[PDB]
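K.L.:
3D model of this:
(one chain, ligands or ions: 1)
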Amino acid sequence: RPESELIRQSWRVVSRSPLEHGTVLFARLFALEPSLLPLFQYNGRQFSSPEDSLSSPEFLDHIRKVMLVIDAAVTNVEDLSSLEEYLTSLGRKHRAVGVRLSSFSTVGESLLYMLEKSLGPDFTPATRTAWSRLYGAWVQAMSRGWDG
Ligand code: HEM
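P.N.:
Numbering: from 1, shown residues only. And now the structure:
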């Protein structure tokens, strides 16, 4: 696919600094949906503000985890059938920690936002569309986690 090379190419720049870029993703995500903040409970504590999350080693570790799962999507983009079982469970894990499936659309918008801001001019409509199909496929995988 050429869809698959646009993903690879765009991913390369952000994948070099996953925490920086993942930090953009989650700052955006919290700006769009503040109610996600309380879902990250480390040490039984709740973050009061979005910026509290950025001081938390566990939250930042979660940013690294997120970027690794996305990087696995990019590597396996040509088929992606392959990650179906892993993603189904990851989806269930999130159902368990309290995430609504619908929240993953906001996640998608944050990812696209982060890519757009990092790529600027380079983020062509072909690229936006490729990433939307990829993520749409990804979230379909995950949605199995919700017993659906
Ligand atoms: C609505 C957005 C999200 C919320 C509220 C959320 C929250 C959480 C929480 C509370 C945990 C358990 C604590 C931890 O492991 O740090 C977790 C685990 C994890 N998350 Fe997320 N998460 C979100 C999105 C994502 C996304 C988009 C990805 C990847 C694309 C991801 C990847 C992971 C991974 C790999 C784990 C470890 C699960 C395990 O191995 O047990 N998360 N998430």
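K.L.:
all strands in this structure, in order from the N-terminus.
P.N.:
Assigned by DSSP state E, the chain shows no strands.
K.L.:
need the residues of it near the ligand, please.
P.N.:
36, 39-40, 58, 62, 65-66, 69-70, 90, 93-94, 97, 99, 103, 107 (Cβ under 6 Å from any ligand atom). Every C-beta, even on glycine, is put in place using the N, C-alpha and C of the backbone.
K.L.:
Report the distance from stretch 76-87 to the chain centre.
P.N.:
The chain centre lies 15 Å from the centre of stretch 76-87; the measure is Cα atoms, centre = their mean, to the nearest Å.
K.L.:
Between the two ends of it, how far is it?
P.N.:
Across stretch 76-87, the terminal residues are separated by 12 Å (Cα to Cα, to the nearest Å).
K.L.:
Can I have the buried ones of the residues of the chain next to the ligand as a PyMOL selection?
P.N.:
Typed into PyMOL, the line below selects the buried ones among those, using 16 or more other Cβ atoms under 10 Å:
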select buried, resi 36+40+62+66+70+90+94+99+103+107
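K.L.:
Test my guess that residue 8 contacts residue 73.
P.N.:
No. At 11.1 Å, residue 8 does not count as touching residue 73 under the criterion of Cβ atoms under 8 Å.
K.L.:
quick one: which of these two has more around it?
P.N.:
More crowded of residue 8 and residue 73, by other Cβ atoms under 10 Å: residue 73, with 19 against 14.
K.L.:
nearest residue to the more buried one other than its sequence neighbours?
P.N.:
residue 138 (5.4 Å; Cβ to Cβ, 6 or more residues apart in numbering).
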